[PDB]
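Trainee: Pasting in a structure now, in structure tokens, and then I'll have a few things to ask.
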2 protein chains.
Amino acid sequence: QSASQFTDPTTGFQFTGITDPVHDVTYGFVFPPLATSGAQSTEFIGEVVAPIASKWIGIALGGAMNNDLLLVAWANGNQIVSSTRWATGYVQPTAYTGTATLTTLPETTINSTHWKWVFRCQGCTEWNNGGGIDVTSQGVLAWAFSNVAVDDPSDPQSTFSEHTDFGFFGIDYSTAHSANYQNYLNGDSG
Amino acid sequence: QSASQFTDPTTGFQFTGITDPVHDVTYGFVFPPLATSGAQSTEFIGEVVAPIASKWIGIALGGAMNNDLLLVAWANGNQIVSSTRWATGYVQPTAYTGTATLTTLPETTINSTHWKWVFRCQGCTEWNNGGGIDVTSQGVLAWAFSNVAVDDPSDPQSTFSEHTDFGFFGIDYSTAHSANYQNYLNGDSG
Ligand code: HEM
Ligand code: HEM
Ligand SMILES: *[C@@H]1O[C@H](CO)[C@@H](O[C@@H]2O[C@H](CO)[C@@H](O[C@@H]3O[C@H](CO)[C@@H](O)[C@H](O)[C@@H]3O)[C@H](O)[C@H]2NC(C)=O)[C@H](O)[C@H]1NC(C)=O
Ligand SMILES: *[C@@H]1O[C@H](CO)[C@@H](O[C@@H]2O[C@H](CO)[C@@H](O[C@@H]3O[C@H](CO)[C@@H](O)[C@H](O)[C@@H]3O)[C@H](O)[C@H]2NC(C)=O)[C@H](O)[C@H]1NC(C)=O
């Protein structure tokens, strides 16, 4: 599949991403402006908009299960529970030990039909194994879905069973940056 | 997703198609030589290679559930049961009302881990509503998966419940034609 540009109609945040038509989950990503001098930013903002039947969602930021930073999240009542994880060998991903801070942003909304997780991921483009993503280039992201609850919903490091579905999409990171990024951080669409 | 060319590692048949990594089902298509002085053939040869947990598989020849020719198949014991179907509004597809002949080819196998349906589909590129596919250009195919048995597996027109997954892939039909098509019909890889 291929990502495209879209706007969140309630927040006005502009993302790059996709909606999976099977589970009707939307994945969106937006990056701070590219730099002219120096290193690129290592953070981005993302969103997951999922029907409540979605019991947990994962994002594989290198587009594969193993050897890349994983984001996992689920609704626990009126709360989003989330973590950064890492996997080797196709087994239960465990707590990431690198430098990454996953922040739930105030736009996050949970209602009777959907959970909408809006997050900031600082340090998430470069991982402690030396890999990461090139925000000037084209790459692949992947998502993982389950309709079965995690083993302990109040624990961010809960174990859980393998996803019931997973999928991929191409993304042109060079067109995924926004001049309004800082405004998103202040809760402004611009 | 995107189709590519591949070779059946048992028969040597060359197909165009994909392997869905989630359910590990391979979908393959091959067409007769392109004509330039006549209208195109309306038939093709296809294959479904599916792990036994796949209780039914559908192929949507126009890339969508409704108003296009669908192919549905499942293993019942040591035999493949299959049908041509049609749907008008996201409900149980029923028997196609046009002229189309689905023939199981002898390369078809069923064993303990997989069922492999190799078939001939005559009258399958042009449909009795005036629609169809253009085998000289680019199009989209779709598939449907379920891991729940059909209601009555010995009946080709059995009802069943909605797929648990579905997906799409782009296919360049202009690249999917083969000089070996007639050989395939005779059971030869050529
Ligand atoms: C105990 C939990 C998990 C188990 C046992 C597990 C197991 C597996 C297995 C066996 C596969 C191969 C499937 C195939 O190709 O047929 C796979 C694929 C994959 N998994 Fe998981 N998984 C789990 C959690 C996760 C998480 C939480 C994520 C993302 C945050 C994820 C992302 C993926 C992706 C993207 C693939 C396909 C690409 C690749 O093969 O790496 N998995 N997983
Ligand atoms: C009793 C059986 C079936 C029911 C109730 C049914 C129902 C549905 C529904 C409700 C959707 C929309 C899902 C969404 O977008 O969230 C859908 C999509 C789809 N269905 Fe089915 N389905 C069934 C059988 C089949 C079969 C046999 C095929 C293929 C031979 C098929 C192919 C598709 C495809 C490819 C899509 C996605 C594209 C589209 O929206 O047209 N369906 N189906
Ligand atoms: C729970 O939250 C979800 C996600 O925010 C709500 O679905 C979203 O509802 C908005 C309506 O504010 C939809 O936005 C668009 O609104 C315009 C109105 O001009 C309309 O023209 C568009 O067709 C579209 O509806 C948005 O599409 C929709 N998103 C999804 C994924 O369904 C949902 O309504 C909330 N549920 C409750 C009970 O409040
Ligand atoms: C049950 O049916 C399945 C599906 O046809 C069989 O799996 C397939 O078996 C072939 C034969 O060994 C596999 O071989 C491949 O062979 C080529 C030819 O040299 C080789 O280059 C490839 O690297 C590969 O090893 C084929 O991959 C495999 N396909 C799938 C989807 O599993 C299975 O062997 C059958 N079981 C029995 C007991 O007959």
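Lettering and numbering for the structure tokens are positional, with chains as A, B, ... in the shown order, residues counted from 1 in each chain, and ligands counted from 1 in the shown order.
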Compute the set of chain B residues within 9 Å of chain A, using only C-alpha atoms, and express it as a compact mmCIF listing (two decimals) with N, CA, C and O atoms, in the first residue's frame.

Mentor:
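In the end it all went to selection05.txt:
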```
# COMPACT_ATOMS: atom_id res chain seq x y z
N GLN B 1 -0.57 -3.46 -2.47
CA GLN B 1 0.54 -4.38 -2.77
C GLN B 1 0.68 -4.50 -4.30
O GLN B 1 -0.11 -3.89 -5.03
N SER B 2 1.72 -5.13 -4.81
CA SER B 2 2.03 -5.22 -6.22
C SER B 2 2.37 -6.62 -6.69
O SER B 2 3.21 -7.30 -6.09
N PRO B 21 1.58 -12.27 2.89
CA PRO B 21 2.45 -12.81 3.95
C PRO B 21 1.66 -13.12 5.21
O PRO B 21 2.08 -13.89 6.07
N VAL B 22 0.46 -12.53 5.37
CA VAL B 22 -0.28 -12.79 6.61
C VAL B 22 -0.81 -14.21 6.67
O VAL B 22 -0.65 -14.91 7.68
N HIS B 23 -1.46 -14.66 5.59
CA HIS B 23 -2.07 -15.99 5.61
C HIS B 23 -1.26 -16.95 4.75
O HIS B 23 -1.57 -18.14 4.67
N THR B 164 -12.55 -12.94 7.11
CA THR B 164 -11.90 -12.32 8.26
C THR B 164 -10.78 -11.40 7.81
O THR B 164 -10.31 -10.58 8.60
N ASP B 165 -10.36 -11.51 6.55
CA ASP B 165 -9.39 -10.57 6.02
C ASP B 165 -9.63 -10.44 4.51
O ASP B 165 -10.21 -11.34 3.90
N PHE B 166 -9.16 -9.35 3.93
CA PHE B 166 -9.21 -9.18 2.48
C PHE B 166 -8.04 -8.30 2.06
O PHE B 166 -7.45 -7.61 2.91
N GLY B 167 -7.70 -8.29 0.77
CA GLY B 167 -6.60 -7.39 0.39
C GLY B 167 -6.55 -7.21 -1.12
O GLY B 167 -7.30 -7.86 -1.84
N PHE B 168 -5.70 -6.34 -1.61
CA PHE B 168 -5.64 -5.92 -3.00
C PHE B 168 -4.23 -6.07 -3.56
O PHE B 168 -3.27 -6.08 -2.79
N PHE B 169 -4.11 -6.13 -4.88
CA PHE B 169 -2.76 -5.96 -5.44
C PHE B 169 -2.91 -5.46 -6.88
O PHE B 169 -3.83 -5.86 -7.60
```

Trainee: Please list as a PDB file with C-alpha atoms, in the first residue's frame every residue within 9 Å of residue 94 in chain B, counting only C-alpha atoms and excluding residues in the same chain fewer than 4 positions away.

Mentor:
```pdb
ATOM      1  CA  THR B  84     -18.196 -18.462  -9.920  1.00  0.00           C
ATOM      2  CA  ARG B  85     -20.134 -15.843  -7.956  1.00  0.00           C
ATOM      3  CA  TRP B  86     -21.377 -12.260  -7.914  1.00  0.00           C
ATOM      4  CA  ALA B  87     -22.469  -9.734  -5.296  1.00  0.00           C
ATOM      5  CA  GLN B 157     -23.140 -22.953  -3.739  1.00  0.00           C
ATOM      6  CA  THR B 159     -23.378 -20.088   2.107  1.00  0.00           C
TER       7      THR B 159
END
```

Trainee: Would you return as a PyMOL selection string the members of range 97-189 of chain B that DSSP assigns to alpha helix (DSSP H) on this structure's backbone?

Mentor: chain B and resi 181-185

Trainee: Would you save the residues of that selection, restricted to N, CA, C and O atoms, as a PDB file, in the first residue's frame?

Mentor:
```pdb
ATOM      1  N   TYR B 181       1.052 -20.930 -22.638  1.00  0.00           N
ATOM      2  CA  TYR B 181      -0.318 -21.123 -22.134  1.00  0.00           C
ATOM      3  C   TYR B 181      -0.909 -22.429 -22.614  1.00  0.00           C
ATOM      4  O   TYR B 181      -1.498 -23.188 -21.836  1.00  0.00           O
ATOM      5  N   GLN B 182      -0.780 -22.743 -23.899  1.00  0.00           N
ATOM      6  CA  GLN B 182      -1.394 -23.979 -24.403  1.00  0.00           C
ATOM      7  C   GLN B 182      -0.741 -25.189 -23.760  1.00  0.00           C
ATOM      8  O   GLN B 182      -1.380 -26.185 -23.395  1.00  0.00           O
ATOM      9  N   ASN B 183       0.589 -25.103 -23.583  1.00  0.00           N
ATOM     10  CA  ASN B 183       1.234 -26.210 -22.873  1.00  0.00           C
ATOM     11  C   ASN B 183       0.667 -26.427 -21.478  1.00  0.00           C
ATOM     12  O   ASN B 183       0.487 -27.578 -21.057  1.00  0.00           O
ATOM     13  N   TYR B 184       0.395 -25.332 -20.775  1.00  0.00           N
ATOM     14  CA  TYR B 184      -0.154 -25.481 -19.422  1.00  0.00           C
ATOM     15  C   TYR B 184      -1.461 -26.262 -19.459  1.00  0.00           C
ATOM     16  O   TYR B 184      -1.694 -27.135 -18.631  1.00  0.00           O
ATOM     17  N   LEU B 185      -2.309 -25.953 -20.437  1.00  0.00           N
ATOM     18  CA  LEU B 185      -3.587 -26.623 -20.632  1.00  0.00           C
ATOM     19  C   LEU B 185      -3.391 -28.123 -20.840  1.00  0.00           C
ATOM     20  O   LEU B 185      -4.204 -28.948 -20.416  1.00  0.00           O
TER      21      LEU B 185
END
```

Trainee: What separation in Å, quoted to one decimal, exists between CA of residue 83 in chain A and CA of residue 122 in chain A?

Mentor: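 Result for CA of residue 83 in chain A versus CA of residue 122 in chain A: 12.8 Å, one decimal.
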
Trainee: Counting only C-alpha atoms, figure out which residue out of A:162, A:136, A:151, A:55 gets nearest to residue 32 in chain A.

Mentor: A:136

Trainee: Using only C-alpha atoms and all ligand atoms, which of A:25, A:124, A:135, A:64 sits nearest ligand 1?

Mentor: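 Checking each of A:25, A:124, A:135, A:64 against ligand 1, counting only C-alpha atoms and all ligand atoms, the winner is A:64.
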
Trainee: What residues have any atom no more than 9 Å from ligand 3 when counting only C-alpha atoms and all ligand atoms, and can you list them as an mmCIF file with N, CA and C atoms, in the first residue's frame?

Mentor:
```cif
data_model
loop_
_atom_site.group_PDB
_atom_site.id
_atom_site.type_symbol
_atom_site.label_atom_id
_atom_site.label_comp_id
_atom_site.auth_asym_id
_atom_site.auth_seq_id
_atom_site.Cartn_x
_atom_site.Cartn_y
_atom_site.Cartn_z
ATOM 1 N N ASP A 8 -6.443 15.824 9.789
ATOM 2 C CA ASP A 8 -7.395 15.404 10.821
ATOM 3 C C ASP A 8 -8.494 16.467 10.941
ATOM 4 N N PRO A 9 -9.739 16.099 10.700
ATOM 5 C CA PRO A 9 -10.826 17.073 10.600
ATOM 6 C C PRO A 9 -11.240 17.720 11.915
ATOM 7 N N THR A 10 -10.763 17.204 13.040
ATOM 8 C CA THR A 10 -11.120 17.818 14.323
ATOM 9 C C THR A 10 -9.970 18.665 14.853
ATOM 10 N N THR A 19 -5.296 4.550 5.771
ATOM 11 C CA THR A 19 -6.353 3.882 6.510
ATOM 12 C C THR A 19 -6.423 2.450 5.999
ATOM 13 N N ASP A 24 -10.188 -0.763 9.523
ATOM 14 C CA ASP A 24 -10.516 0.651 9.467
ATOM 15 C C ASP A 24 -9.757 1.470 10.505
ATOM 16 N N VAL A 25 -8.472 1.165 10.609
ATOM 17 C CA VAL A 25 -7.535 1.899 11.447
ATOM 18 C C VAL A 25 -6.725 2.879 10.604
ATOM 19 N N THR A 26 -6.684 4.144 11.002
ATOM 20 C CA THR A 26 -5.899 5.168 10.335
ATOM 21 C C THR A 26 -4.569 5.361 11.058
ATOM 22 N N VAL A 49 -6.043 6.059 14.805
ATOM 23 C CA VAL A 49 -7.485 6.220 14.974
ATOM 24 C C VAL A 49 -8.096 4.843 14.749
ATOM 25 N N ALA A 50 -8.527 4.215 15.832
ATOM 26 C CA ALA A 50 -8.967 2.835 15.742
ATOM 27 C C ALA A 50 -10.369 2.627 16.298
ATOM 28 N N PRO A 51 -11.176 1.837 15.608
ATOM 29 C CA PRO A 51 -12.459 1.415 16.190
ATOM 30 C C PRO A 51 -12.207 0.676 17.498
ATOM 31 N N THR A 109 -8.205 11.307 22.183
ATOM 32 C CA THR A 109 -9.622 11.248 22.450
ATOM 33 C C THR A 109 -10.097 9.809 22.397
ATOM 34 N N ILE A 110 -10.875 9.457 23.419
ATOM 35 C CA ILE A 110 -11.485 8.127 23.438
ATOM 36 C C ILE A 110 -12.995 8.312 23.542
ATOM 37 N N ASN A 111 -13.752 7.696 22.642
ATOM 38 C CA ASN A 111 -15.207 7.835 22.783
ATOM 39 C C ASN A 111 -15.846 6.459 22.692
ATOM 40 N N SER A 112 -17.162 6.420 22.522
ATOM 41 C CA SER A 112 -17.824 5.117 22.526
ATOM 42 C C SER A 112 -17.496 4.271 21.301
ATOM 43 N N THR A 113 -17.037 4.858 20.197
ATOM 44 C CA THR A 113 -16.829 3.989 19.031
ATOM 45 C C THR A 113 -15.375 3.853 18.602
ATOM 46 N N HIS A 114 -14.531 4.791 18.997
ATOM 47 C CA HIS A 114 -13.147 4.815 18.549
ATOM 48 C C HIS A 114 -12.197 5.268 19.653
ATOM 49 N N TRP A 115 -10.951 4.804 19.549
ATOM 50 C CA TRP A 115 -9.893 5.423 20.340
ATOM 51 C C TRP A 115 -8.915 6.107 19.372
ATOM 52 N N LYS A 116 -8.605 7.357 19.688
ATOM 53 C CA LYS A 116 -7.729 8.156 18.842
ATOM 54 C C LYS A 116 -6.485 8.563 19.615
#
```

Trainee: I want to know what sits within 9 Å of residue 139 in chain A, based on only C-alpha atoms, with residues of the same chain fewer than 3 positions away left out; could you give that as number ranges by chain?

Mentor: A: 62-63, 133-135, 169-173

Trainee: How would the residues just chosen look if you wrote them out with N, CA, C and O atoms as a short mmCIF file (atom, residue, chain, number, x, y, z; two decimals), in the first residue's frame?

Mentor:
```
data_model
loop_
_atom_site.label_atom_id
_atom_site.label_comp_id
_atom_site.auth_asym_id
_atom_site.auth_seq_id
_atom_site.Cartn_x
_atom_site.Cartn_y
_atom_site.Cartn_z
N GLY A 62 10.59 0.61 11.38
CA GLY A 62 11.49 0.21 10.30
C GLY A 62 10.77 -0.69 9.31
O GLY A 62 11.37 -1.25 8.38
N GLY A 63 9.46 -0.88 9.49
CA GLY A 63 8.71 -1.68 8.52
C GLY A 63 8.83 -3.18 8.65
O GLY A 63 8.43 -3.94 7.78
N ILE A 133 15.46 5.72 10.89
CA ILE A 133 14.89 6.01 9.56
C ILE A 133 15.45 7.33 9.04
O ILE A 133 15.75 8.26 9.80
N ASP A 134 15.57 7.37 7.73
CA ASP A 134 16.07 8.53 7.00
C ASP A 134 14.90 9.42 6.60
O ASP A 134 14.15 9.05 5.70
N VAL A 135 14.74 10.56 7.26
CA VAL A 135 13.53 11.35 7.04
C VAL A 135 13.56 12.14 5.75
O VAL A 135 12.65 12.92 5.47
N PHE A 169 3.14 -0.25 4.38
CA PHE A 169 2.84 0.82 3.42
C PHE A 169 4.11 1.62 3.15
O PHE A 169 4.92 1.78 4.06
N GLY A 170 4.21 2.08 1.91
CA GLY A 170 5.34 2.91 1.51
C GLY A 170 5.09 4.34 1.93
O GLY A 170 3.95 4.82 1.90
N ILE A 171 6.16 5.03 2.32
CA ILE A 171 6.03 6.41 2.75
C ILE A 171 7.22 7.22 2.26
O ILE A 171 8.38 6.83 2.41
N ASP A 172 6.90 8.34 1.63
CA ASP A 172 7.93 9.28 1.19
C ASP A 172 8.17 10.31 2.28
O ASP A 172 7.48 11.32 2.38
N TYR A 173 9.14 10.03 3.16
CA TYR A 173 9.37 10.88 4.31
C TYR A 173 9.72 12.30 3.89
O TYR A 173 9.47 13.25 4.64
#
```

Trainee: After a least-squares superposition on chain B using every in-order C-alpha pair, I'd like chain A written out as a compact mmCIF listing (two decimals) with C-alpha atoms, in the first residue's frame.

Mentor:
```txt
# COMPACT_ATOMS: atom_id res chain seq x y z
CA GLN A 1 0.56 -4.40 -2.84
CA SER A 2 2.06 -5.20 -6.27
CA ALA A 3 2.12 -8.43 -8.28
CA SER A 4 5.39 -9.86 -9.67
CA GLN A 5 6.42 -12.80 -11.90
CA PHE A 6 7.12 -16.17 -10.25
CA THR A 7 7.41 -19.81 -11.26
CA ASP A 8 5.64 -22.75 -9.66
CA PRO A 9 8.57 -24.97 -8.63
CA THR A 10 6.71 -28.27 -9.06
CA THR A 11 4.77 -27.56 -12.24
CA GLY A 12 7.07 -24.95 -13.76
CA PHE A 13 4.04 -22.81 -14.62
CA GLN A 14 5.01 -19.13 -14.74
CA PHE A 15 2.52 -16.82 -13.01
CA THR A 16 1.98 -13.18 -12.15
CA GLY A 17 0.73 -12.63 -8.63
CA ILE A 18 1.52 -12.30 -4.94
CA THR A 19 1.92 -14.12 -1.65
CA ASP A 20 -0.03 -12.55 1.21
CA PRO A 21 2.38 -12.80 4.19
CA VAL A 22 -0.36 -12.74 6.83
CA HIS A 23 -2.12 -15.98 5.81
CA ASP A 24 0.68 -17.08 3.47
CA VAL A 25 -1.63 -17.63 0.53
CA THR A 26 -0.15 -17.35 -2.98
CA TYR A 27 -2.34 -16.04 -5.83
CA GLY A 28 -1.08 -16.55 -9.40
CA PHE A 29 -2.52 -15.66 -12.83
CA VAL A 30 -1.35 -16.33 -16.38
CA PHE A 31 -2.96 -15.39 -19.68
CA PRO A 32 -2.76 -16.74 -23.26
CA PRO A 33 -0.66 -14.71 -25.73
CA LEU A 34 -1.97 -11.28 -26.63
CA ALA A 35 -3.55 -11.26 -30.12
CA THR A 36 -2.31 -9.22 -33.10
CA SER A 37 -5.65 -9.14 -34.88
CA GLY A 38 -9.08 -9.49 -33.35
CA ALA A 39 -10.38 -9.87 -29.84
CA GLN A 40 -8.26 -10.87 -26.88
CA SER A 41 -8.80 -14.34 -25.37
CA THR A 42 -11.41 -14.37 -22.58
CA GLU A 43 -9.74 -17.11 -20.52
CA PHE A 44 -6.83 -17.42 -18.10
CA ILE A 45 -5.26 -19.95 -15.74
CA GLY A 46 -4.84 -19.24 -12.04
CA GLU A 47 -3.63 -20.87 -8.84
CA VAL A 48 -4.31 -20.50 -5.13
CA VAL A 49 -1.72 -22.11 -2.80
CA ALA A 50 -3.13 -22.01 0.70
CA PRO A 51 -2.18 -23.48 4.07
CA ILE A 52 -4.91 -25.89 5.20
CA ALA A 53 -6.00 -23.46 7.91
CA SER A 54 -7.47 -21.47 5.01
CA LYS A 55 -11.09 -22.54 5.14
CA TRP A 56 -12.24 -20.58 2.10
CA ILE A 57 -10.62 -18.20 -0.39
CA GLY A 58 -12.20 -15.71 -2.79
CA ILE A 59 -10.76 -13.85 -5.79
CA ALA A 60 -12.45 -10.65 -6.96
CA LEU A 61 -11.47 -10.32 -10.61
CA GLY A 62 -12.46 -6.66 -10.80
CA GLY A 63 -10.72 -5.88 -7.51
CA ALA A 64 -13.87 -5.16 -5.52
CA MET A 65 -16.59 -7.20 -3.88
CA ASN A 66 -19.57 -5.88 -5.85
CA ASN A 67 -20.39 -5.83 -9.58
CA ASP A 68 -17.56 -8.11 -10.68
CA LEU A 69 -16.92 -11.79 -11.26
CA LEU A 70 -15.89 -13.57 -8.06
CA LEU A 71 -14.18 -16.96 -7.74
CA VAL A 72 -14.65 -18.83 -4.45
CA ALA A 73 -12.95 -22.07 -3.46
CA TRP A 74 -12.26 -24.37 -0.55
CA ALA A 75 -10.85 -27.79 0.26
CA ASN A 76 -13.38 -30.44 1.19
CA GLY A 77 -11.25 -33.44 2.13
CA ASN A 78 -9.24 -34.46 -0.95
CA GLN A 79 -11.37 -32.30 -3.19
CA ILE A 80 -11.46 -28.67 -4.21
CA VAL A 81 -15.00 -27.26 -4.22
CA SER A 82 -15.36 -24.07 -6.27
CA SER A 83 -17.84 -21.67 -7.86
CA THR A 84 -18.24 -18.46 -9.81
CA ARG A 85 -20.20 -15.86 -7.84
CA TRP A 86 -21.57 -12.34 -7.98
CA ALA A 87 -22.39 -9.74 -5.35
CA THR A 88 -24.35 -6.53 -4.95
CA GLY A 89 -24.33 -4.47 -1.78
CA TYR A 90 -21.90 -6.42 0.42
CA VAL A 91 -24.09 -9.46 1.04
CA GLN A 92 -23.65 -13.23 0.52
CA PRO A 93 -22.45 -13.64 -3.08
CA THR A 94 -24.67 -15.93 -5.14
CA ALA A 95 -24.17 -18.14 -8.22
CA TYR A 96 -23.03 -16.17 -11.25
CA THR A 97 -25.48 -16.37 -14.16
CA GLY A 98 -23.10 -15.26 -16.88
CA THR A 99 -20.87 -17.17 -19.25
CA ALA A 100 -17.87 -18.48 -17.29
CA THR A 101 -16.46 -22.00 -16.85
CA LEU A 102 -14.15 -22.68 -13.92
CA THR A 103 -12.20 -25.92 -14.41
CA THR A 104 -10.00 -27.60 -11.81
CA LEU A 105 -6.77 -28.56 -13.60
CA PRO A 106 -4.95 -31.84 -12.94
CA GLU A 107 -2.02 -30.00 -11.33
CA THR A 108 -4.33 -29.36 -8.39
CA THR A 109 -2.78 -30.97 -5.29
CA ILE A 110 -3.97 -31.33 -1.73
CA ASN A 111 -1.61 -32.55 0.96
CA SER A 112 -1.36 -32.51 4.74
CA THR A 113 -0.24 -28.88 4.99
CA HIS A 114 -1.58 -27.04 1.94
CA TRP A 115 -4.25 -27.05 -0.71
CA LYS A 116 -3.10 -25.99 -4.16
CA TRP A 117 -5.90 -25.12 -6.55
CA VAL A 118 -4.84 -24.79 -10.18
CA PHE A 119 -7.71 -23.72 -12.41
CA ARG A 120 -8.79 -22.65 -15.87
CA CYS A 121 -11.30 -19.82 -16.08
CA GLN A 122 -12.93 -19.64 -19.52
CA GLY A 123 -15.08 -16.62 -20.33
CA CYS A 124 -13.81 -14.91 -17.21
CA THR A 125 -12.43 -11.63 -18.60
CA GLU A 126 -15.81 -10.39 -19.81
CA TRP A 127 -18.98 -10.53 -17.71
CA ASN A 128 -22.65 -10.50 -18.50
CA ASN A 129 -23.07 -6.99 -17.06
CA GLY A 130 -20.82 -5.67 -19.81
CA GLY A 131 -17.83 -5.28 -17.52
CA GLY A 132 -14.66 -7.34 -17.28
CA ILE A 133 -10.91 -6.84 -17.38
CA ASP A 134 -8.62 -5.36 -20.01
CA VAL A 135 -5.77 -7.83 -20.42
CA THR A 136 -3.61 -5.21 -22.14
CA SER A 137 -3.69 -2.84 -19.19
CA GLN A 138 -3.00 -2.34 -15.52
CA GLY A 139 -5.70 -3.16 -13.00
CA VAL A 140 -6.43 -4.30 -9.45
CA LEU A 141 -7.30 -7.75 -8.15
CA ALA A 142 -8.57 -8.50 -4.65
CA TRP A 143 -8.66 -11.63 -2.42
CA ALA A 144 -10.86 -12.60 0.51
CA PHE A 145 -9.89 -14.98 3.29
CA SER A 146 -11.66 -16.90 5.99
CA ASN A 147 -10.42 -19.26 8.67
CA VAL A 148 -14.00 -20.44 9.38
CA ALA A 149 -15.56 -23.31 7.40
CA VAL A 150 -18.37 -22.71 4.92
CA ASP A 151 -21.84 -23.77 6.06
CA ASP A 152 -21.98 -26.81 3.78
CA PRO A 153 -18.58 -27.82 2.45
CA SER A 154 -19.90 -30.35 -0.08
CA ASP A 155 -22.14 -27.75 -1.79
CA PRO A 156 -20.37 -25.50 -4.34
CA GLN A 157 -23.16 -22.99 -3.74
CA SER A 158 -22.85 -23.17 0.06
CA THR A 159 -23.57 -20.08 2.12
CA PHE A 160 -20.82 -18.93 4.50
CA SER A 161 -19.92 -16.03 6.75
CA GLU A 162 -18.04 -12.88 5.82
CA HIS A 163 -14.29 -13.12 5.22
CA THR A 164 -12.04 -12.38 8.23
CA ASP A 165 -9.54 -10.59 6.02
CA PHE A 166 -9.30 -9.19 2.49
CA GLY A 167 -6.61 -7.42 0.45
CA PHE A 168 -5.68 -5.92 -2.91
CA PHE A 169 -2.83 -5.94 -5.40
CA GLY A 170 -1.92 -4.12 -8.58
CA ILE A 171 -1.31 -6.20 -11.68
CA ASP A 172 0.11 -5.27 -15.06
CA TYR A 173 -1.90 -7.61 -17.27
CA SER A 174 0.21 -6.66 -20.28
CA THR A 175 3.10 -8.62 -18.78
CA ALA A 176 0.98 -11.48 -17.52
CA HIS A 177 0.70 -13.42 -20.81
CA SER A 178 2.66 -16.57 -21.65
CA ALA A 179 3.76 -18.34 -24.83
CA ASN A 180 3.52 -21.59 -22.84
CA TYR A 181 -0.20 -21.14 -22.02
CA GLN A 182 -1.31 -23.90 -24.41
CA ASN A 183 1.34 -26.18 -22.95
CA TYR A 184 -0.08 -25.51 -19.46
CA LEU A 185 -3.42 -26.73 -20.82
CA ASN A 186 -1.68 -29.92 -21.96
CA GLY A 187 0.05 -30.17 -18.59
CA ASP A 188 3.45 -29.18 -19.99
CA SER A 189 5.68 -26.46 -18.53
CA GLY A 190 7.47 -26.33 -21.87
```

Trainee: Enumerate as a PyMOL selection string all residues of range 26-182 of chain A assigned to strand (DSSP E or B) by DSSP on the backbone, naming them with the chain letters and numbers the document uses.

Mentor: chain A and resi 26-31+44-51+56-60+70-76+79-86+94-95+101-104+109-110+114-122+126+132+138-146+165-172+177
